[PDB]
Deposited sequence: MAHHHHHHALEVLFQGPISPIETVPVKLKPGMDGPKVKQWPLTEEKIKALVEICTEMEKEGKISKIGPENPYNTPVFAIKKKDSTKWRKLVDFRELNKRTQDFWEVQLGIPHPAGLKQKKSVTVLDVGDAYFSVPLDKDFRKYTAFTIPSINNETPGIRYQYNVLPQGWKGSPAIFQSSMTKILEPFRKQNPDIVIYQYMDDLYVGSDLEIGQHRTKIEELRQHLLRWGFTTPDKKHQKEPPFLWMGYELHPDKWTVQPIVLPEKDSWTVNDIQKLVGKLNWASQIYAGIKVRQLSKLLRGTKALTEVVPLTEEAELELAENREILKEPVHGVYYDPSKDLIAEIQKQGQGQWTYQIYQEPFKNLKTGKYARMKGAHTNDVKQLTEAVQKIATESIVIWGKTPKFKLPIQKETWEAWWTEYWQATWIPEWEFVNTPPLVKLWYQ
């Protein structure tokens, strides 16, 4: 087979990202994985005259307790030429989020049978570090379609359809969607029957080269207003400040009849009786918050963005939008490992879960605004990462003015 010509985007150079420190066990895994890949000619040893680099690490899902190499090609992918312009893009099926069970399979290995354009290989360099810097970094670059490179599903696209056509011919009501190195495969069968057909799809792939998601209960979490029998000045202030902020999202929400319940310079703990005209304004507002917002539609040409707020006792709320205040989805993530100890683990798991949902729903991951210090995140996140893809993120320190999402 012969290579597809690949370009970076005009005026961009390849990635130049430093390798971060790795534990002993991740380093040993990488050395074993890489030397066997080298023997098989999938990667080649290179020197320092290649000026590019991308960080490499490793993950170990615990119900398949072998290590998986992960190269963080996020920078390379941003600088790689788009394949929609070259008509090599993959379409997203709208039926996948309608299935009651979706299983993720890691099909990254199929890429290793297609060679990569020789002029593009130098941009795929990575460096394996050394414990206590006993030696210099050991450098490789790819000779084949790399895992985690956005160009690999696009170039492998026609071959992947050929391997899949018999299976979905046989199974017209199962929906398969390729995202990066992953197949998302959904159906409406009984949980043990679904699993059985996943094992059949595997064996068809194995003859050439996770856990169950449930999109049916990805409950939307609306903005809720407290219900009390007596209301303090402080309660009404907190209530008014919350609806004022929500008037940026919802249409025609009033607080003028609540704001002047608070007329005068009052004690925060003073109990203020609700007037007719305020109970009027309030229940109307609860109805508006009850069912979602009119006029908000997904735009595939714009990026998705996700915001997350820690709420405490293992609860994490999130919103996904493309334009501010036009949320395509609001939700609540909760996960108990039985300890309740790790904020960073919980947040890392919340990020995989939310990005997973965006893949299922829209076909791509959002850029996350993470409520954590950059350096606290960077100290620990790879300990808990279990996906073969990595979303874009940035770090925000946003003190909660209101607790809008709780």
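- Comparing the deposited sequence with the modelled residues shows gaps at 1-20, 230-246, 444, with numbering starting at 1.
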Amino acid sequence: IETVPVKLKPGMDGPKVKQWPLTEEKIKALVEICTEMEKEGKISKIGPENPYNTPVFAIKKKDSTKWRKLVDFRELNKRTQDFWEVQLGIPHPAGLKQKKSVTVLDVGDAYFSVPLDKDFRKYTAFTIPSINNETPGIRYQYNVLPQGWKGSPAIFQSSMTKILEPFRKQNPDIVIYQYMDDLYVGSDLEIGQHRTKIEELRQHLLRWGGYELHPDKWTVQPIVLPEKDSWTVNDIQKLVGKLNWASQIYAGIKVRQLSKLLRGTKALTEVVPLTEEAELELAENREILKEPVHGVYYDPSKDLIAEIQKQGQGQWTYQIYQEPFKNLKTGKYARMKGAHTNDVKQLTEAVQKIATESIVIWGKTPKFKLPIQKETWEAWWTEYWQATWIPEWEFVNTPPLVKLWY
From here on, numbers count along this sequence of modelled residues.
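Here the rigid core means the biggest group of C-alpha atoms that line up within 1.5 Å when the two forms are laid on top of each other.
- After superposing on the rigid core, the larger RMS C-alpha deviation in 9 other deposited structures of this protein belongs to 332-340, the other candidate being whichever of 253-261 and 332-340 remains.
- A summary of the deposited B-factors shows that, of 231-239 and 114-122, the stretch with the larger mean C-alpha value is 231-239.
- Stretches compared: 84-92, 252-260. Higher mean C-alpha B-factor in the entry: 84-92.
- Out of 302, 197, 332, 310, it is 197 whose C-alpha atom has the highest B-factor in the PDB entry.
- Remark: of 326, 204, 150, 97, 204 shows the highest value [criterion: C-alpha B-factor in the PDB entry].
- When the modelled residues of the chain are ordered by their C-alpha B factor, residue 41 lands in the middle third.
- Ranked by C-alpha B-factor against the other modelled residues of its chain, residue 339 falls in the highest third.
- Sorting the modelled residues of the chain by their CA temperature factor places residue 315 in the middle third.
- In this PDB entry, the Cα temperature factor of residue 208 sits in the top third of its chain's modelled residues, the highest group.
- In the deposited entry, the Cα temperature factor of residue 134 sits in the bottom third of values across the chain's modelled residues.
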